[PDB]
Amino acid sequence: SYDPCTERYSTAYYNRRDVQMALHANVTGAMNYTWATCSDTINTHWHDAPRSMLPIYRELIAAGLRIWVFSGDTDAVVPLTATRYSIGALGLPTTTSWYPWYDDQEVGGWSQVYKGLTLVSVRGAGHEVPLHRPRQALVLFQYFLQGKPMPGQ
């Protein structure tokens, strides 16, 4: 069932005339380039990008916003450890120490609640979480929306 070729299909599809029609995209046909999943050009001509997002995090945490950080634990591009360390830098206090959260009877990943931020790992999921662990990804999303901690048991 997992198919690693999704980007190919997508590309085929979005480049279809009828699909753009239906989407109301490229109304006049003036985008005279093939639709692609990413732009290598922009990818390659990027400018400003602060090194740390932490300060924003501090600001919004102080502003009382809800902040959740998650990570698919089999991704190696922006891996869990990178996240653990970055969040670790905020120095927040822990309200609920690293614990296993369950989906049904299975451990979906783990989570730790700090004062002002919730961290959640999604077990066995790569970079595209809702792609590799769709079921668990949804649970994650529902809890975040509710502002409730990932479920134990």
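Numbering starts at 1 and follows the sequence shown.
**Q** According to the deposited model, is the average Cα temperature factor higher in 89-97 or in 30-38?
**A** If you average the C-alpha B-factors of 89-97 and of 30-38, the larger mean comes out for 30-38.
**Q** If you average the CA temperature factors as listed in the entry, which stretch comes out higher, 137-145 or 20-28?
**A** Result: 20-28.
**Q** Of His45, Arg66, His127, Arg84, which one's C-alpha B factor is largest in the deposited record?
**A** Of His45, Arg66, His127, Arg84, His45 has the highest C-alpha B-factor.
**Q** When the modelled residues of the chain are sorted by Cα temperature factor, does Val113 land in the lowest, middle or highest third?
**A** Its C-alpha B-factor, which the entry lists for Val113, ranks in the lowest third among residues of this chain.
**Q** Split into thirds by Cα B-factor across the chain's modelled residues, where does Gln105 land: lowest, middle or highest?
**A** Answer is highest: the recorded C-alpha B-factor places it there.
**Q** Per the entry's values, where does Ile56 land by CA temperature factor relative to the rest of its chain, in the lowest, middle or highest third?
**A** Middle third by C-alpha B-factor.
**Q** Using only modelled residues of the chain, where does the Cα B factor of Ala62 rank: lowest third, middle third or highest third?
**A** It falls in the top third of the chain.
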